[PDB]
Amino acid sequence: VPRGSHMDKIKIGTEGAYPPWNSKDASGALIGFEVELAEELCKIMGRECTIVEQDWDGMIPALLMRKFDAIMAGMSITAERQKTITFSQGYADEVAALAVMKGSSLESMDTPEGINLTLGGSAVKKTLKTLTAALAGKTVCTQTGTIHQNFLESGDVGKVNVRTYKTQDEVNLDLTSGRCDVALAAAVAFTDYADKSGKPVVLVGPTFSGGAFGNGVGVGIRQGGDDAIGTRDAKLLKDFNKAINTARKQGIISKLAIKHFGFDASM
Ligand SMILES: NC(=[NH2+])NCCC[C@H](N)C(=O)O
């Protein structure tokens, strides 16, 4: 199928530094849940697939610049991001959590197990008041250009002393070095790291969903338009959603999630 054709090859951008979503093997080849899912979705469509590496900070500009056609990199679906790109339906959930080292004063919290910032209400606002007091006078680290940064900078938990790094591996090491007091990231990121490193990282407070954390992880695609590029982009959105539905019906997304996360993180 020639490039530009109705049914041509799809280039998918991923980071390669975010296990178990996307990572690199010892040979440096890209692996993980999203690599295997991308391949399965493109097989359903009957289109060829190429996976290419892209740094997280530059991921959305790179899509806009046409370095690739789709983002599959653990990217949460948010209304903010929908201002400039669009998403497929979600294929997996990712709850966020605060993490500290064993010994921290935050290990004595009593919050709900989870809160949803879109559903909101008085009990959620009270939990945020508690978190505001818990973070006062502490340093908190997170990955640059994430929902986690957005939340912390929002004022919803007060005026936070935020530290950021380009990659989640740096966040993990800032926390375990003791150089930062608290970190915010996906719960699955902290458990993947706790599992590999053996370091005593502990989740504290409620898990976070909704609001600045969005609603699941989806395929990021350029917004449709009327020029050649734009009608191809509209069709890619249509094809991805059909393929996700088919994969879900066949039990594929669930099976893959268990094979990577150890539990069914799929949507
Ligand atoms: N490849 C990565 N490092 N992704 C980080 C994603 C974190 C979060 N889900 C967000 O959309 O901001």
# chains A, B, ... in the order shown; residues from 1 in each chain; ligands from 1
$ residues_around --residues "stretch 63-73 of chain A" --least-positions-apart "6" --cutoff "6 Å" --atoms "only C-alpha atoms" --output "list in words"
residues 11, 12, 13, 14, 15, 219, 220 and 221 of chain A
$ write_last_selection --atoms "N, CA and C atoms" --output "PDB file, in the first residue's frame"
ATOM      1  N   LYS A  11       2.433   5.317  11.735  1.00  0.00           N
ATOM      2  CA  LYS A  11       3.597   5.484  12.593  1.00  0.00           C
ATOM      3  C   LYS A  11       3.118   5.838  13.993  1.00  0.00           C
ATOM      4  N   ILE A  12       3.537   5.095  15.002  1.00  0.00           N
ATOM      5  CA  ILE A  12       3.071   5.292  16.360  1.00  0.00           C
ATOM      6  C   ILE A  12       4.258   5.745  17.212  1.00  0.00           C
ATOM      7  N   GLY A  13       4.116   6.869  17.918  1.00  0.00           N
ATOM      8  CA  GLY A  13       5.122   7.414  18.810  1.00  0.00           C
ATOM      9  C   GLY A  13       4.947   6.880  20.227  1.00  0.00           C
ATOM     10  N   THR A  14       6.058   6.440  20.835  1.00  0.00           N
ATOM     11  CA  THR A  14       6.082   6.070  22.239  1.00  0.00           C
ATOM     12  C   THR A  14       7.396   6.521  22.858  1.00  0.00           C
ATOM     13  N   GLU A  15       7.430   6.600  24.193  1.00  0.00           N
ATOM     14  CA  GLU A  15       8.607   7.114  24.889  1.00  0.00           C
ATOM     15  C   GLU A  15       9.720   6.076  25.051  1.00  0.00           C
ATOM     16  N   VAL A 219      -5.328   6.793  22.577  1.00  0.00           N
ATOM     17  CA  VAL A 219      -4.452   7.071  21.453  1.00  0.00           C
ATOM     18  C   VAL A 219      -4.583   8.557  21.126  1.00  0.00           C
ATOM     19  N   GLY A 220      -3.480   9.311  21.152  1.00  0.00           N
ATOM     20  CA  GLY A 220      -3.526  10.711  20.756  1.00  0.00           C
ATOM     21  C   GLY A 220      -3.282  10.804  19.261  1.00  0.00           C
ATOM     22  N   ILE A 221      -4.144  11.577  18.603  1.00  0.00           N
ATOM     23  CA  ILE A 221      -4.198  11.711  17.142  1.00  0.00           C
ATOM     24  C   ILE A 221      -4.419  13.200  16.806  1.00  0.00           C
TER      25      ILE A 221
END
$ residues_around --residues "residue A:207" --least-positions-apart "4" --cutoff "6 Å" --atoms "only C-alpha atoms" --output "ChimeraX atom specification"
/A:96-97,114
$ write_last_selection --atoms "N, CA and C atoms" --output "mmCIF file, in the first residue's frame"
data_model
loop_
_atom_site.group_PDB
_atom_site.id
_atom_site.type_symbol
_atom_site.label_atom_id
_atom_site.label_comp_id
_atom_site.auth_asym_id
_atom_site.auth_seq_id
_atom_site.Cartn_x
_atom_site.Cartn_y
_atom_site.Cartn_z
ATOM 1 N N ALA A 96 -3.555 7.745 39.805
ATOM 2 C CA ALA A 96 -2.407 8.441 40.352
ATOM 3 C C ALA A 96 -2.374 8.295 41.861
ATOM 4 N N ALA A 97 -1.157 8.355 42.429
ATOM 5 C CA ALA A 97 -0.987 8.267 43.870
ATOM 6 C C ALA A 97 0.225 9.085 44.337
ATOM 7 N N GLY A 114 -9.868 6.371 47.599
ATOM 8 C CA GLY A 114 -9.777 7.060 46.324
ATOM 9 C C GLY A 114 -10.759 8.223 46.225
#
$ select_by_dssp --residues "stretch 56-192 of chain A" --states "helix (DSSP H, G or I)" --output "ChimeraX atom specification"
/A:59-64,81-83,105-108,122-135,147-153,168-177,187-192
$ select_by_dssp --residues "stretch 19-201 of chain A" --states "strand (DSSP E)" --output "PyMOL selection string"
chain A and resi 23-24+30-31+49-53+70-71+86-92+96-101+114-116+139-143+161-165+182-186+201
$ residues_around --residues "residue A:190" --least-positions-apart "3" --cutoff "10 Å" --atoms "only C-alpha atoms" --output "CSV table (one decimal) with N, CA, C and O atoms, in the first residue's frame"
chain,number,residue,atom,x,y,z
A,96,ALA,N,-3.6,7.7,39.8
A,96,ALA,CA,-2.4,8.4,40.4
A,96,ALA,C,-2.4,8.3,41.9
A,96,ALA,O,-3.4,8.1,42.5
A,97,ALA,N,-1.2,8.4,42.4
A,97,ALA,CA,-1.0,8.3,43.9
A,97,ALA,C,0.2,9.1,44.3
A,97,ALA,O,1.2,9.3,43.6
A,98,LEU,N,0.2,9.6,45.6
A,98,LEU,CA,1.3,10.1,46.3
A,98,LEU,C,2.1,8.9,46.9
A,98,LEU,O,1.6,8.0,47.4
A,99,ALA,N,3.5,9.1,46.8
A,99,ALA,CA,4.4,8.1,47.4
A,99,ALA,C,5.4,8.8,48.3
A,99,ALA,O,5.8,9.9,48.0
A,100,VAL,N,5.8,8.1,49.3
A,100,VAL,CA,6.8,8.5,50.2
A,100,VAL,C,7.7,7.3,50.6
A,100,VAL,O,7.4,6.2,50.3
A,168,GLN,N,10.3,9.6,34.4
A,168,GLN,CA,9.8,9.0,35.6
A,168,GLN,C,10.9,8.3,36.4
A,168,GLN,O,10.9,8.3,37.7
A,169,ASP,N,12.0,7.8,35.8
A,169,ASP,CA,13.1,7.1,36.5
A,169,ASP,C,13.7,8.1,37.4
A,169,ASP,O,14.2,7.8,38.5
A,171,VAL,N,12.3,10.8,38.9
A,171,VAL,CA,11.3,11.0,40.0
A,171,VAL,C,11.5,9.9,41.0
A,171,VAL,O,11.6,10.2,42.2
A,172,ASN,N,11.5,8.7,40.6
A,172,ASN,CA,11.7,7.5,41.5
A,172,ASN,C,13.0,7.7,42.3
A,172,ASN,O,13.0,7.4,43.5
A,183,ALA,N,6.4,12.2,46.2
A,183,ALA,CA,6.3,12.2,44.8
A,183,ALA,C,4.9,11.9,44.3
A,183,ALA,O,4.1,11.3,45.1
A,184,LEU,N,4.5,12.4,43.2
A,184,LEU,CA,3.2,12.1,42.6
A,184,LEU,C,3.4,11.6,41.2
A,184,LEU,O,4.1,12.2,40.4
A,185,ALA,N,2.8,10.4,40.9
A,185,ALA,CA,2.8,9.7,39.6
A,185,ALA,C,1.8,8.7,39.6
A,185,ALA,O,1.1,8.4,40.5
A,186,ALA,N,1.7,7.9,38.5
A,186,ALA,CA,0.9,6.7,38.4
A,186,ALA,C,1.2,5.7,39.6
A,186,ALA,O,2.4,5.4,39.8
A,187,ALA,N,0.2,5.2,40.2
A,187,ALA,CA,0.4,4.1,41.2
A,187,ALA,C,1.2,2.9,40.5
A,187,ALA,O,2.2,2.4,41.2
A,193,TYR,N,8.5,0.2,40.1
A,193,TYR,CA,9.8,0.6,40.6
A,193,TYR,C,10.1,-0.1,41.9
A,193,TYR,O,11.2,-0.6,42.2
A,194,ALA,N,9.1,-0.1,42.8
A,194,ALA,CA,9.2,-0.8,44.1
A,194,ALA,C,9.6,-2.3,43.9
A,194,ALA,O,10.5,-2.8,44.6
A,195,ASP,N,9.0,-2.9,42.8
A,195,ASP,CA,9.2,-4.3,42.5
A,195,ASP,C,10.6,-4.6,42.0
A,195,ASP,O,11.3,-5.5,42.5
A,201,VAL,N,9.2,2.0,49.1
A,201,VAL,CA,8.3,3.1,48.7
A,201,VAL,C,6.9,2.7,49.1
A,201,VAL,O,6.5,1.6,48.9
A,202,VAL,N,6.2,3.7,49.6
A,202,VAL,CA,4.8,3.4,50.1
A,202,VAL,C,3.8,4.5,49.6
A,202,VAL,O,4.1,5.7,49.5
A,203,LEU,N,2.7,4.0,49.1
A,203,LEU,CA,1.6,4.9,48.7
A,203,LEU,C,0.9,5.5,49.9
A,203,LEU,O,0.6,4.7,50.8
$ decode --residues "stretch 143-171 of chain A" --atoms "N, CA and C atoms" --output "short mmCIF file (atom, residue, chain, number, x, y, z; two decimals), in the first residue's frame"
data_model
loop_
_atom_site.label_atom_id
_atom_site.label_comp_id
_atom_site.auth_asym_id
_atom_site.auth_seq_id
_atom_site.Cartn_x
_atom_site.Cartn_y
_atom_site.Cartn_z
N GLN A 143 7.04 14.16 37.15
CA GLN A 143 7.55 14.24 35.79
C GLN A 143 7.00 15.50 35.12
N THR A 144 7.86 16.17 34.38
CA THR A 144 7.45 17.35 33.63
C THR A 144 6.39 17.01 32.59
N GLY A 145 5.46 17.96 32.38
CA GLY A 145 4.48 17.87 31.31
C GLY A 145 3.43 16.80 31.56
N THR A 146 3.18 16.49 32.83
CA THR A 146 2.19 15.49 33.18
C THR A 146 0.95 16.09 33.85
N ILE A 147 -0.09 15.27 33.90
CA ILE A 147 -1.28 15.58 34.69
C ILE A 147 -0.88 15.85 36.16
N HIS A 148 0.15 15.15 36.65
CA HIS A 148 0.56 15.24 38.04
C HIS A 148 1.09 16.64 38.33
N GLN A 149 1.96 17.13 37.45
CA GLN A 149 2.43 18.52 37.53
C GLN A 149 1.25 19.51 37.51
N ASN A 150 0.33 19.29 36.59
CA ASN A 150 -0.81 20.18 36.46
C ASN A 150 -1.60 20.24 37.77
N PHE A 151 -1.90 19.09 38.36
CA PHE A 151 -2.62 19.06 39.61
C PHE A 151 -1.90 19.84 40.69
N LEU A 152 -0.60 19.55 40.87
CA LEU A 152 0.15 20.18 41.95
C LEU A 152 0.25 21.69 41.77
N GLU A 153 0.31 22.15 40.51
CA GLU A 153 0.45 23.58 40.23
C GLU A 153 -0.90 24.31 40.24
N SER A 154 -2.01 23.56 40.37
CA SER A 154 -3.35 24.11 40.23
C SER A 154 -3.76 24.96 41.43
N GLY A 155 -3.18 24.72 42.62
CA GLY A 155 -3.62 25.32 43.87
C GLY A 155 -4.64 24.47 44.65
N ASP A 156 -5.09 23.37 44.05
CA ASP A 156 -6.08 22.50 44.69
C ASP A 156 -5.53 21.86 45.96
N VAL A 157 -4.20 21.74 46.07
CA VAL A 157 -3.59 21.28 47.31
C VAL A 157 -2.64 22.33 47.86
N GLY A 158 -2.93 23.60 47.60
CA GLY A 158 -2.14 24.70 48.10
C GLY A 158 -0.95 25.05 47.20
N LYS A 159 -0.05 25.87 47.76
CA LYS A 159 1.11 26.37 47.06
C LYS A 159 2.21 25.35 47.33
N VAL A 160 2.45 24.44 46.38
CA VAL A 160 3.34 23.30 46.59
C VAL A 160 4.74 23.63 46.11
N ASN A 161 5.75 23.21 46.90
CA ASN A 161 7.13 23.25 46.43
C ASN A 161 7.36 22.08 45.47
N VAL A 162 7.22 22.32 44.15
CA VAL A 162 7.29 21.27 43.13
C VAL A 162 8.68 21.20 42.48
N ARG A 163 9.20 19.98 42.37
CA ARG A 163 10.40 19.66 41.60
C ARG A 163 10.00 18.77 40.42
N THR A 164 10.55 19.01 39.23
CA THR A 164 10.21 18.19 38.07
C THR A 164 11.47 17.65 37.40
N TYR A 165 11.30 16.48 36.78
CA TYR A 165 12.31 15.83 35.96
C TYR A 165 11.71 15.37 34.64
N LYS A 166 12.56 15.15 33.63
CA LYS A 166 12.12 14.78 32.30
C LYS A 166 11.54 13.37 32.25
N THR A 167 12.07 12.46 33.08
CA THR A 167 11.65 11.06 33.03
C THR A 167 11.20 10.60 34.42
N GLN A 168 10.31 9.61 34.42
CA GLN A 168 9.80 9.03 35.65
C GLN A 168 10.93 8.33 36.44
N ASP A 169 11.96 7.79 35.77
CA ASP A 169 13.06 7.14 36.48
C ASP A 169 13.75 8.12 37.43
N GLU A 170 13.89 9.37 36.99
CA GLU A 170 14.44 10.42 37.83
C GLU A 170 13.58 10.73 39.05
N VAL A 171 12.26 10.80 38.86
CA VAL A 171 11.32 11.00 39.95
C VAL A 171 11.55 9.91 41.02
#
